[PDB]
Structures are given as structure tokens and as C-alpha cells.
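Only one chain is included here, represented as C-alpha cells and corresponding to the form solved without ligand EYK.
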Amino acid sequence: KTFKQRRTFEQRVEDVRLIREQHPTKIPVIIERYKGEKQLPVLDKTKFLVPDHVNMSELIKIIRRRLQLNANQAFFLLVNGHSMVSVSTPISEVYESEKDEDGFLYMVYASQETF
């Protein structure tokens, strides 16, 4: 069901290596709906190439636009299992400290801050 489940550590590593080769300026991001989530829809896909200059605040806006949410629907985004300490950090910086050992940056979203 979840991404890590569907692809071997070997396969995830090689896809990150291909994104480096073909999209050197993009951060490889996995974005998944919390398996408990009731309100928010599921995304059209799982794997995103994010321009390395966008900050977490702009990534949240991007995903809210992708889900086509409205002003008073809630949205929380966990990175590498935990709350973001700041939304102003460039995703290049966030990647370097929060990346998985496979090379992806893992994110999960929910309507509840209590995931």
C-alpha cells in the first residue's frame, strides 16, 4: 500500500540516482496521505520533483492547490515522521537534514495535527 512497501530499498535508491541524473536541480519527495485520514482526498501520485529553492511554506501551498482545498479546510504536513520546526527553510536545507537513507524526503499529510 505505502511507497516503501511497494519498492525495494535497492529500487528506491536507483530511482533517486536517476532523478539526480535527469533532474539534478529537483528534490525527490514522497508525499503520502496519513493511513487514518478521513477528510482530505488522496493525491493523483506519490513521487514529486520539487524545485530545490522553494521553502516549506510554498510546498504546503502547492499541495493544497494540488488537493484543490478551500480556505478553512485544515492541512498538516509531517516531514521525516515529525512536525516542521519552520516553514521558511528552503527545501534544499530541509532535504540535507531530513532525507531518508534511500535518498527520498518523506512527507505525510492530515486534517488533524494529532496524526
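One rule holds for the numbers: they count along the sequence shown, beginning at 1. Just so we're on the same page, rigid core means the largest C-alpha set that superposes within 1.5 Å between forms.
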Subject >> Higher C-alpha RMS shift from the shown form in 9 other deposited structures of this protein - 74-82 or 57-65, rigid core fit >> reply: 74-82
Subject >> Stretch departing more from the displayed form, 16-24 or 102-110, Cα RMS in 9 other deposited structures of this protein (core fit) >> reply: 16-24
**OP:** May I ask you to compare 90-98 and 5-13 by their mean CA B factor in the entry and name the higher one?
**Re:** 5-13
Original post:
Looking at the deposited entry, does 45-53 or 73-81 carry the larger mean Cα B-factor?
Top reply: 73-81
**OP:** Grab the CA temperature factor for residue 66 from the record and place it in the lowest, middle or highest third of its chain.
**Re:** middle
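Although not depicted, the form solved in complex with ligand EYK is the subject of the following passage.
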Original post:
So, 94, 100 and 105: all three within 4.5 Å of ligand EYK in the entry with it bound by heavy atoms, or not?
Top reply: no
**OP:** May I ask you to check whether residue 47 falls inside a 4.5 Å heavy atom distance of ligand EYK in the entry with it bound?
**Re:** yes
**OP:** Could you list which residues of 6-26 come within 4.5 Å of ligand EYK in the entry with it bound, counting heavy atoms only?
**Re:** 15, 18, 19, 22, 23
